[PDB]
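Index from 1, following the sequence. Note: hydrogens, waters and symmetry copies are ignored here, and every other heavy atom, side chains too, is used.
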Amino acid sequence: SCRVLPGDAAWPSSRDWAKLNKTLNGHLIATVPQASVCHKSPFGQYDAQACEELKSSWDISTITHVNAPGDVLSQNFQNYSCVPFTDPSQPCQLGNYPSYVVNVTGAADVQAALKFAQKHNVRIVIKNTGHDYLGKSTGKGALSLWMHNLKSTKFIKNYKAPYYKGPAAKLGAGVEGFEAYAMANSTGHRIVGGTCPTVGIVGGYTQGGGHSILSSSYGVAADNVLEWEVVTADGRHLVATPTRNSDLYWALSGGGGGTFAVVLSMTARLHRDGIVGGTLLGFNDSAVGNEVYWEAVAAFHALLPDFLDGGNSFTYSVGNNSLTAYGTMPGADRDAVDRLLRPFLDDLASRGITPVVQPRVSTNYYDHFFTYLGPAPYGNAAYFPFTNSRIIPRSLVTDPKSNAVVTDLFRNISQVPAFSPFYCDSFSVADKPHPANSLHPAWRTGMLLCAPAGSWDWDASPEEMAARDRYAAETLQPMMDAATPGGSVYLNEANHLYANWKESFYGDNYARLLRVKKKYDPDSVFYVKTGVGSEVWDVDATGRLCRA
Ligand SMILES: *Cc1cc2c(nc3c(=O)[nH]c(=O)nc-3n2C[C@H](O)[C@H](O)[C@H](O)COP(=O)(O)OP(=O)(O)OC[C@H]2O[C@@H](n3cnc4c(N)ncnc43)[C@H](O)[C@@H]2O)c(*)c1C
Ligand SMILES: *[C@@H]1O[C@H](CO)[C@@H](O[C@@H]2O[C@H](CO)[C@@H](O[C@@H]3O[C@H](CO)[C@@H](O)[C@H](O)[C@@H]3O)[C@H](O)[C@H]2NC(C)=O)[C@H](O)[C@H]1NC(C)=O
Ligand SMILES: *[C@@H]1O[C@H](CO)[C@@H](O[C@@H]2O[C@H](CO)[C@@H](O)[C@H](O)[C@H]2NC(C)=O)[C@H](O)[C@H]1NC(C)=O
Ligand SMILES: *[C@@H]1O[C@H](CO)[C@@H](O[C@@H]2O[C@H](CO)[C@@H](O)[C@H](O)[C@H]2NC(C)=O)[C@H](O)[C@H]1NC(C)=O
Ligand SMILES: *[C@@H]1O[C@H](CO)[C@@H](O)[C@H](O)[C@H]1NC(C)=O
Ligand SMILES: *[C@@H]1O[C@H](CO)[C@@H](O)[C@H](O)[C@H]1NC(C)=O
Ligand SMILES: *[C@@H]1O[C@H](CO)[C@@H](O)[C@H](O)[C@H]1NC(C)=O
């Protein structure tokens, strides 16, 4: 009826766990949260010096945190169970963290863990980096398939398929953005990946869609997938391609992580590298007042279409008084950058704004990326646990009427100090060749992906963070939704309590996604919150998974 929890009569004995540990060649880990050094029981590992080092970067996406077996990055899902900022005498508890972690070395480890979990009625969790904003990579009382260490990279000079011919990279499931970029750069190529360097490229990133500053040139991450190597729920080690287990390939390419199969690697398109044009472009209200500022943002938005259609992108911060943008202009030299920027600069000029404009040309993509989103290799990307999103259709922006509503939404969010400023990315991803995939159609009509993100506050109460959580899901996200009809919520950047997840994340694709889910996982061994087919499991008050 329900998944077993620590404390249950039916929880596996330590002998059961040892027997799994043997099968796994010693690769079972009992979860000990990284902040156990900040507490006294039950791990008896208290260390004030090490506790203090954890504090200064805890709210950053760091390699240190990503390297922990059972930790996730979300302060909200940590949920004060074993964190560096509570009383030392407060017991270091697992809470939402999995009980045991399978340190996966290949297909056999997964097959073993799946057999064990199915024999013993244990919840499977899948964790790669722990970046998930929706907690989809933790679970109380769970055995976790920890994919972080599957780091193999393989350059394929001449991938040969009817629908793709050219360079490709086969990447293990734990390969992170910075690893993918180092690997692609060394061969004279670019790969489509996230702006946050520590993000797992093969994980929930590509599986859930995956936007990039390179998307205007090469589509979303999932568009660039050639092959998925997987283990299915019943333990079959398979390869999914457009011409083999194609329905699984379709679901995995934009249908979301952690529900269809356990991914061991992906093979993806590489693209020839070269000169990359870049800029800082910033403007504020200090000379024109706030009203002209918001009209200038409205106009900046309206001016994107031709810039994006030329293969370029803007990633930018929208504040209450200033906008700061970083431009990505692949293959553009300095004269080309200038011509590309001239419409935006003329618009600001006509509105009495003196922008901050800092154009450059990088030799390669890697250099461009880490100039703007560094430092290399890990970056410095803050973790905001109340991340929401809207994919905003081009047609909304290009009509002044509907664009006014878009602008008015951004003004409203700018008044909410925990959610301001916020980042947007801009892209054109229609009419590029890619295989059939399950990527939400709003991506094709979309021009903006904006992520209003609420920071965590270690001085605030738990009740205040819980209130911020409910605010994001039931007030801020629906306000965003209503202001942008025909758009959608990016499944990777949403709140776990957001009520309209099914329609907004998946849309009309959902029936077919559900058919694929029932084909490859008929017993629903894979569960993630807001995942395809997740409505099979209820989460009770204590956090136990029970069959709906
Ligand atoms: C934390 C963070 C996230 C970001 C950042 N920047 C992004 C950007 O510029 N563009 C984007 O499109 N997305 C950005 N994201 C979000 C990530 O795209 C999502 O948060 C992804 O879900 C991240 O995936 P991953 O790195 O794998 O993190 P996990 O929490 O480990 O997994 C998420 C999800 O996927 C399942 N899963 C992962 N790996 C597997 C394998 N191998 N097999 C099966 N299932 C897998 C997990 O179960 C979970 O459900 C910038 C920042 C700072
Ligand atoms: C942080 O930890 C607390 C536990 O201290 C979690 O609170 C629990 O949250 C769930 C869902 O919000 C509550 O379940 C609800 O129970 C009622 C019956 O009482 C049921 O009718 C509802 O449908 C729902 O399932 C639960 O009561 C609550 N428990 C307590 C003690 O507050 C919280 O979810 C954790 N936060 C995160 C982000 O993990
Ligand atoms: C599962 O098996 C391995 C057996 O080696 C355990 O890993 C060892 O853990 C001890 C601590 O007790 C360390 O001192 C060693 O470094 C590890 N062994 C080796 C050979 O390196 C692991 O702890 C076991 N886990 C569980 C949950 O039973
Ligand atoms: C998870 O498993 C991997 C592979 O068994 C471990 O990687 C080894 O770690 C040691 C350092 O402790 C290195 O000297 C070896 O070169 C690594 N082996 C391989 C094949 O990469 C990894 O340390 C384990 N991690 C945890 C947290 O248990
Ligand atoms: C990227 O690759 C080139 C050769 O392809 C190499 O010379 C250069 O050092 C690399 N850059 C970085 C920053 O690793
Ligand atoms: C606003 O823009 C002006 C002119 O570009 C610049 O000098 C100034 O530093 C900016 N102010 C803020 C607060 O960003
Ligand atoms: C902005 O705020 C007003 C007043 O609170 C509200 O009525 C309106 O719906 C909001 N506008 C948008 C575009 O969401």
Hey, does the side chain of [X] reach the backbone of [Y] with a donor-acceptor pair shorter than 3.5 angstrom?
X    : Y    : result
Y490 : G210 : yes
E464 : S461 : yes
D523 : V525 : no
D223 : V220 : yes
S504 : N500 : no
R190 : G274 : yes
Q75  : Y383 : yes

Exercise. Taking side chain as C-beta onward, heavy atoms only, is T328 less than 4.5 Å from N312?
Worked result: no
Exercise. Hey, mind stepping through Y520 and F260 against side-chain contact (heavy atoms from CB on, under 4.5 Å) and telling me if it holds?
Worked result: CA-CA 7 Å; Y520 294 94; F260 297 112; 5.8 Å; no
Exercise. Would you say the side chains of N388 and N495 form a donor-acceptor pair under 3.5 Å?
Worked result: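 Short answer, no.
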Problem set entry | Residues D469 and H496: side-chain donor-acceptor under 3.5 angstrom | yes
For this session: Provide the full list of side chain to side chain donor-acceptor pair (under 3.5 Å) pairs with a residue in residues 539-548, sequence neighbours left out, each pair given once.
Result: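 Sorted pair list: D8-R544, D540-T542.
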Exercise. Tell me the side chain to side chain donor-acceptor pair (under 3.5 Å) pairs involving residues 126-137, sequence neighbours left out?
Worked result: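 Applying side chain to side chain donor-acceptor pair (under 3.5 Å) to every pair that reaches into residues 126-137, excluding sequence neighbours, yields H131-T198.
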Exercise. Where do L308 and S216 come nearest, in terms of heavy atoms and distance?
Worked result: O-CB, 3.5 Å
For this session: List the atom of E229, the atom of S265, and the distance in Å for their closest heavy-atom pair.
Result: OE1-OG, 2.7 Å
Problem set entry | Of all pairs that satisfy disulfide (SG to SG under 2.5 Å), the ones with a partner from residues 421-521, not counting sequence neighbours | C424-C450
Closer than 4.0 angstrom, basic N to acidic O: yes or no for [X] and [Y]?
X    : Y    : value
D247 : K518 : no
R394 : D309 : yes
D338 : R342 : no
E493 : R390 : no

Seminar exercise, completed: Which of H271, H189, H434 passes ring pair (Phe, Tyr, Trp, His ring centres under 6.0 Å) with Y218? It is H271
For this session: Going by the ring pair (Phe, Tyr, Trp, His ring centres under 6.0 Å) test, name the single residue among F314, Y326, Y366 that passes it with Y372.
Result: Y326
Problem set entry | Verdict with supporting geometry, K529 and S534, side chain to side chain donor-acceptor pair (under 3.5 Å) | CA-CA 6 Å; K529 185 70 178 300; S534 57; over 6 Å; no
For this session: Kindly say whether the aromatic ring centers of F422 and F384 come within a distance under 6.0 Å.
Result: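 Centroid distance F422-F384: not below 6.0 Å, so no.
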Exercise. Angle class for the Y293/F283 ring planes (parallel below 30°, perpendicular above 60°, tilted otherwise)?
Worked result: tilted
